[PDB]
């Protein structure tokens, strides 16, 4: 039976001078064993939910800073980098953004003069959101996820309310506004998932190149990295990192977890004790290879952030229950649901270098 995460060598120290090791957190996890785990193993942090647009400005001019501030205060106290998730997103965004001064839905507007008015009103609202946030946190944040999931899985830009109302300008303006209030040393990222899929990678590459050629201040690309034990391939991961490095962009892994399952995640285990040890071994093998890659590419990667700390709190539990009639569990980390280390931990902390 394995030792507890507080009883073993630090992950962040293992990867000193290669990349920071981060976790996504909620304010209420900043106590007890999870706080202990954070200090011991991570040197970087991101708010799982406290800094998303809906959390911070749920109605116009009503600002909810308290939870965000707590994460910032803990990062200050314990010398952790802080990434900001997220300034602009089609999801988890208040609907008040997309309603005009008459109470009408901007997406439904038909007359051109009013569509242009709506685009300017929406960009002003977006710019004000970003200005207030960045002015408040600019000295505490070291990477900004400026826009999140702007590329569609079937080829284009995502046809969200932002896109339908502003076209591509909400992206140009979010970056220019972040740069303006954040200063030159703010690092501005575009974040997305399935960046390893050739066709999505290319669409992001095209967007970003095009934005860079227009002088839009993009410093890096964020790779959410919601992966599985058998997908995506190391080769495809490698190709993705290198394509963006070729534009002179930093890469960060922003939301790493490795599901035990495929897609859709049926049929999930309903108990942690039901998970076979061969599956955990496979997870360890894959993490080893993944972190060997990261290391191969560490000049191109500034930060690797897991989307949580230990298996007892993961959005992947929700997603298992969503696809399995409300029951089901996932175990995507190197620390288990009781905070004990898993086979994956030993395989990413180790100094093995014999290749495979």
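Residue numbers count along the first chain shown, from 1.
K.L.:
Per the record, averaged over C-alpha atoms, which has the higher B-factor: 188 to 196 or 272 to 280?
P.N.:
It is 272 to 280 that shows the higher mean C-alpha B-factor.
K.L.:
Which is higher in the entry, the mean Cα B factor of 261 to 269 or that of 67 to 75?
P.N.:
Per the deposited B-factors, the answer is 261 to 269.
K.L.:
By the CA temperature factor listed in this entry, which of these ranks top: 224, 102, 177, 143?
P.N.:
Highest C-alpha B-factor among the listed residues goes to 102.
K.L.:
Comparing recorded Cα B-factors across 83, 286, 115, 131, which one is largest?
P.N.:
In the PDB entry, the greatest C-alpha B-factor among 83, 286, 115, 131 is found at 115.
K.L.:
Would you mind checking where the Cα B-factor of residue 330 ranks among the modelled residues of its chain, as the lowest, middle or highest third?
P.N.:
Within its chain, residue 330 is a middle-third residue by C-alpha B-factor, going by the deposited values.
K.L.:
Per the entry's values, where does residue 292 land by CA temperature factor relative to the rest of its chain, in the lowest, middle or highest third?
P.N.:
Bottom third by C-alpha B-factor.
K.L.:
Hey, what third does residue 321 fall into on Cα B-factor, ranked over its chain?
P.N.:
Highest third.
K.L.:
Lowest, middle or highest third: where is residue 158 by Cα B-factor in its chain?
P.N.:
Highest third.
K.L.:
Using the B-factors in the PDB entry, rank residue 252's C-alpha atom against the chain and give the third, lowest, middle or highest.
P.N.:
According to the entry, residue 252 has a C-alpha B-factor in the chain's lowest third.
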